[PDB]
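In: Coordinates for the following, if possible.
(chains A and B, ligands or ions: 1)
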Amino acid sequence: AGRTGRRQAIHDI
Amino acid sequence: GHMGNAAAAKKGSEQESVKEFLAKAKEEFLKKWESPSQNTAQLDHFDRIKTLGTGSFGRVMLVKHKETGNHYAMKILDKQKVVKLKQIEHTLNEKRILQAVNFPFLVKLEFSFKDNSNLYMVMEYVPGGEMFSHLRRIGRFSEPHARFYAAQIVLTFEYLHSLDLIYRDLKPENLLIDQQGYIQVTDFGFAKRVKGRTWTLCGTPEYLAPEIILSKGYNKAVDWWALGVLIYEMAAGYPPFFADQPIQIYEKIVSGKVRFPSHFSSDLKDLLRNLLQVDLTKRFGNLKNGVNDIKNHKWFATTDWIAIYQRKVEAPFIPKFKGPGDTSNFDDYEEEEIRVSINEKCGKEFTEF
Ligand SMILES: O=S(=O)(c1cccc2cnccc12)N1CCCNCC1
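Out: Numbers count the residues shown, from 1 in each chain, chains lettered A, B, ... in the order given. Below is the structure:
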């Protein structure tokens, strides 16, 4: 199982 | 050897011609990098039509230029959100890099400007939608279909890395399909000019190289890791390190263990094991032979690199286009009116924009 929708970038950790 | 005399000489000459192309491309880039453009339009020049996609600092909207009637994609960033998220440097990177690069698979910036509340970047409208949508709809791409897109990314990274630019956010959400079925890379929000190492923890969890997660100083090889993730996801329909929460994703990435669908060819698995390589002394794209380890891999044996660059290869998929300004290939998003304050916000932080 995992993320199937659009994935947002991360700015830290 | 693997190549006969004729093939070896042709390949060698081809690789020397790449060096000649890249040297000229660097000269052109540096001229624009040292004398950037700014304030080439204003907000009331455009009619806002529809939101095409969203991000943390704002949105991208289809706009129509009032004077010419041409359509564009306008990225809007709220200055207050950019300062709070410590993205000032990254946003200045994005605009400066986009105005200076030139490559057939990189989206073209047409105008940029700012007001009291927002920053704006106006780009060519690419009507075919995100690769992400098409991939989720179909399930997976066949290997030749995935290879056609992968080849364009390989060439784009060869170009960018020659300019000391790292991209740092490869994923299907950031790859648009143009009217000819070719890729346009968008979203330069994490792109950076880096001569050697850089240290910022940024990117998208599923696509992060282990050295980013481990807080190491890292280099352009993070983009080649991300290419491995992209090729895997295009060919499988899901990425290689797949979990509901970022912490769980990170644990799988640093373990290095990758499992492959039974339908992956052995050539593909070999390429992916060499891109998704935790040991930087062994990762393709990071070795003495550079990008040629990728371009000359068996999985790319049928790829005519020049024909891809010239856009002369028949695309596997041509998006339906109902006319200028059609948005049918994009998903719907909640719309919010663009508010412009009477007072300038964050003026000193965005002087160079
Ligand atoms: O498709 S976008 O709206 C888009 C961005 C930049 C240029 C574009 C050009 N044409 C269409 C859509 C465009 N986009 C924004 C949301 C974040 N992921 C990247 C895609």
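
In: can you confirm residue B:279 is in a helix?
Out: No: going by DSSP: H, G, I helix; E, B strand; the rest coil, the assignment for residue B:279 is coil, not a helix.

In: contacting residues for the closest residue to chain B within chain A?
Out: Nearest to chain B in chain A, going by Cβ to the nearest Cβ, is residue A:2, at a distance of 3.4 Å. C-beta here means a position set from N, CA and C on the backbone, and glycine is covered the same way. Residues in contact with residue A:2, defined by Cβ atoms under 8 Å, 6 or more residues apart in numbering or on different chains, are B:206, B:238, B:239, B:242, B:243, B:244, B:249.

In: Restricted to buried residues, select those in ChimeraX.
Out: A single ChimeraX command selects the buried members of those (16 or more other Cβ atoms under 10 Å in any protein chain shown):
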select /B:206,238,239,242,243,249
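
In: From the contacts of residue A:2, list the ones also adjacent to the ligand.
Out: By Cβ under 6 Å from any ligand atom, no member of these lies near the ligand.

In: Can you flag which of the contacts of residue A:2 belong to strands?
Out: Applying DSSP state E to these, no entry is found in strands.

In: How about the residues of the stretch 51-200 of chain B by the ligand?
Out: B:52-55, B:60, B:73, B:75, B:107, B:123, B:125-126, B:130, B:173-174, B:176, B:186-187.

In: and residue 9, how many neighbours does it have?
Out: Let's take chain A. As a burial measure, residue A:9 scores 20 neighbours (other Cβ atoms under 10 Å in any protein chain shown).

In: looking at chain B here, not the other one
Out: When counting by other Cβ under 10 Å, one arrives at 11 neighbours for residue B:9.

In: Residue B:222 now?
Out: 25.

In: Would you mind measuring from it to residue B:343?
Out: Separation of residue B:222 from residue B:343 (Cβ to Cβ, to the nearest Å) stands at 40 Å.

In: Same check on residue B:326?
Out: Distance of residue B:326 to residue B:343, computed by Cβ to Cβ: 38 Å.

In: Pick out whichever of the two has more residues nearby.
Out: Using other Cβ under 10 Å as the criterion, residue B:326 and residue B:343 rank with residue B:326 on top: 15 against 7.

In: That one: helix or strand, and which one exactly?
Out: Assigning secondary structure by DSSP states H and E places residue B:326 outside every helix and strand.

In: gap between it and residue B:334?
Out: As judged by Cβ to Cβ, residue B:326 and residue B:334 stand 21 Å apart.

In: Surely residue B:91 is in contact with residue B:353?
Out: Yes: look at residue B:91 against residue B:353 with Cβ atoms under 8 Å: they come within range, at 7.2 Å.

In: Now list whatever residues contact both of those two.
Out: Shared contacts of residue B:91 and residue B:353 (Cβ under 8 Å, 6+ apart): residue B:119.

In: Geometric centre of chain B: which residue is closest?
Out: By Cα atoms, centre = their mean, chain B has its centre lying nearest to residue B:185, at 4.0 Å.

In: For stretch B:85-104, C-alpha coordinates in PDB please.
Out: Provided in PDB are the C-alpha atoms of stretch B:85-104 (Å, rounded to 0.1, in the frame of the first residue of the first chain):
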ATOM      1  CA  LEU B  85       8.500  28.200   4.100                       C
ATOM      2  CA  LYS B  86      12.100  29.500   3.700                       C
ATOM      3  CA  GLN B  87      11.600  29.200  -0.100                       C
ATOM      4  CA  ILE B  88      12.900  32.700  -0.900                       C
ATOM      5  CA  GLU B  89      16.200  31.400  -2.300                       C
ATOM      6  CA  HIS B  90      14.400  28.500  -4.100                       C
ATOM      7  CA  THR B  91      11.900  30.800  -5.800                       C
ATOM      8  CA  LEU B  92      14.700  33.100  -7.000                       C
ATOM      9  CA  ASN B  93      16.500  30.000  -8.300                       C
ATOM     10  CA  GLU B  94      13.400  28.900 -10.200                       C
ATOM     11  CA  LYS B  95      12.900  32.200 -12.000                       C
ATOM     12  CA  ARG B  96      16.600  32.800 -12.800                       C
ATOM     13  CA  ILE B  97      17.100  29.300 -14.100                       C
ATOM     14  CA  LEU B  98      14.000  29.200 -16.200                       C
ATOM     15  CA  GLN B  99      14.800  32.500 -17.900                       C
ATOM     16  CA  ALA B 100      18.300  31.300 -18.800                       C
ATOM     17  CA  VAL B 101      17.900  27.700 -20.100                       C
ATOM     18  CA  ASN B 102      16.800  26.600 -23.600                       C
ATOM     19  CA  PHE B 103      16.100  23.000 -24.500                       C
ATOM     20  CA  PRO B 104      13.200  21.300 -26.400                       C
END
